[PDB]
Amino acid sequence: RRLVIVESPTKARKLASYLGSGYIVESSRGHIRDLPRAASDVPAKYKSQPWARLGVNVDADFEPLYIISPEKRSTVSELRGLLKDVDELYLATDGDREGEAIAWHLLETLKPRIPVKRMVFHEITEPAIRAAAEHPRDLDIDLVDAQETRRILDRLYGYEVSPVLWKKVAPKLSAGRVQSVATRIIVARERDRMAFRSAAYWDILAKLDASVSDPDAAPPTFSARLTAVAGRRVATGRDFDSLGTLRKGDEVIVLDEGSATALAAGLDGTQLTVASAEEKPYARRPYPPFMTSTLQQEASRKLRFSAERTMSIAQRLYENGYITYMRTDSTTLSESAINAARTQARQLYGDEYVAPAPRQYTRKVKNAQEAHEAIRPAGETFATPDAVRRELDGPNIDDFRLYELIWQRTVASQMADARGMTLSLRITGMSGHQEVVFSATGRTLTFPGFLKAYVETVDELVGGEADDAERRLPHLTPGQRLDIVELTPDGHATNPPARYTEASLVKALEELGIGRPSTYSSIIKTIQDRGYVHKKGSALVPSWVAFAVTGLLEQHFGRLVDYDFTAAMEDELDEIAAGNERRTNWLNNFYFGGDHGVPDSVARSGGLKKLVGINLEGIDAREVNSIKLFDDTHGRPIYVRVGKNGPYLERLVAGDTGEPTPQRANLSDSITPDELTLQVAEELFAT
């Protein structure tokens, strides 16, 4: 008999069905050991060590104290009992550094005296599981070191930074390093919206008829926008800065209502002339197969799933053998998957829609031990969407809908390019003695290609045109007459920068190099649970406490929330995982200071311990929990105060017998920060 250990019961039952007689497959319920979480976790033998409760001996090369979580105590003893009756132990945790560390803890805890085989696989099928059992991988201690370094980093960061949050913001706040950076991202955007000032600008929208000079033109009518007047380009929204004043670029003319209306009046009665018309072909390549980042984005935009929901569903699909492993930065497809996807594309859409050659989407992954393939349907032959629809019906419907998304993306990635035309137009006229220029743009989809099988969804808050959208224009030739159906002077205002959705936050975490496949959703989940961020529709909105904590970190511990320093620490952890940096050297440099790392980083500034242990009696807690908004019409500053009972507005005013007396008005989450205007503040201060 052979004992096999995996992380979860679903995985345990699934591997057992494939390994057959002679294997006992059991679940570890995840991690079995952790650093001490309370004083009572410290065993008697270590109670004589003053560092035991922290769980890390920083003076002995950061030696950890791993103890068995009391909730996992019976799991360990049951595992120990089964080990006594087998001839071989198989460790079948996930192949990334998290799963490697779990296997390492199982070895350290069970101390086997029998052969050990470490199985690695990235899909759960009978071929994949059989191959893995027959070709085990040597235990990768570099992965384990990378996982352990991050665990200790997290412990030390919390140890040093938490008491500053307790003394200067609020008790029972928890420290979170990467979480505080993601929260800063959200706060920075909200601060940009509050400081945004709109500018007004006008143009003219024209509906133009071509069926007078060409009764075959299709469509007969179309719209065009005024874009130049007497050789000066007409100002648009991109021409104003965030304070509503013109950028320092080429000269423009800023039209207003009376301005634009006078141009339309001097025009109606006349006809317009096609000065120029251009056709330019385009060819769009398919989207790459999903990796974790793009799966979460598209599930969020198309399916409206939170990042956390997406990864819970993806985990069930994985453990049940429907898809490949869902924590990956690879968009590579294996040979059988490319061929299955081409076949499906051929059967569902026709030979014309299959790409002529197989399409490989190879990008360099951080660590080839940890990611082998895109997220795609499992198996040499993909399970059909209908068969999966019948199995995951009823309560498992979200599972089907994510599988369908993955299936369609995988098939579309092997399909032919989309083709169409980009269409341009210049239209001239005469409004009195001034030459006007009207511009129209278009785009056709001659051949949809892969778009027949997958079209990305535009971010709800950023907006935009879908990749399959069309704007058709009739065929025109220079000099051609056009009749003005309608002239509408049209007023506009610049808009503040859009809030993040969960989808665009994942995108920003990836592009800044701060997130990783195994952390994107837990980051986003955690900032919402700990109260830093909430959802208004699909928009992530920071809470007022998020402003207070972010300002504290920015003003006094800025290196800890710097985007570039954070991305570089993530890279260094990956270097440990590849065996190009040492766990112990990295921890010593980071915590105690050293000569290695990016210039001016925490390590190079003297280390985390010196950095946080500045003189804190010089950090005023009243200032930390005051968020300046604006002054009122009398010059008095209005500020949001974050108090034990929540947020409230406050200003100092003149009282009964002289000033300064506080005036307050309580606040709820109902009003987003950029909505609390002076007008709103004054209304709150009265009622």
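Sequential numbering from 1, following the sequence displayed.
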Per the entry, higher mean C-alpha B factor between 1-9 and 676-684: 676-684
Comparing 105-113 with 416-424, the one whose average Cα B-factor in the PDB entry is higher: 416-424
Selection by C-alpha B-factor (highest) of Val120, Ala230, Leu139, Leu509: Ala230
Residue of maximum C-alpha B factor among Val164, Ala133, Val541, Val254, per deposited coordinates: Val254
Assigned third (lowest, middle, highest) for the C-alpha B factor of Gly81: middle
Chain third (lowest, middle, highest) by recorded CA B-factor, residue given as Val653: highest
Lowest, middle or highest third - CA B-factor, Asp59: lowest
Ranked C-alpha temperature factor of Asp87 among modelled chain residues, by third: middle
For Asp214, the third of its chain into which the C-alpha B factor falls: highest
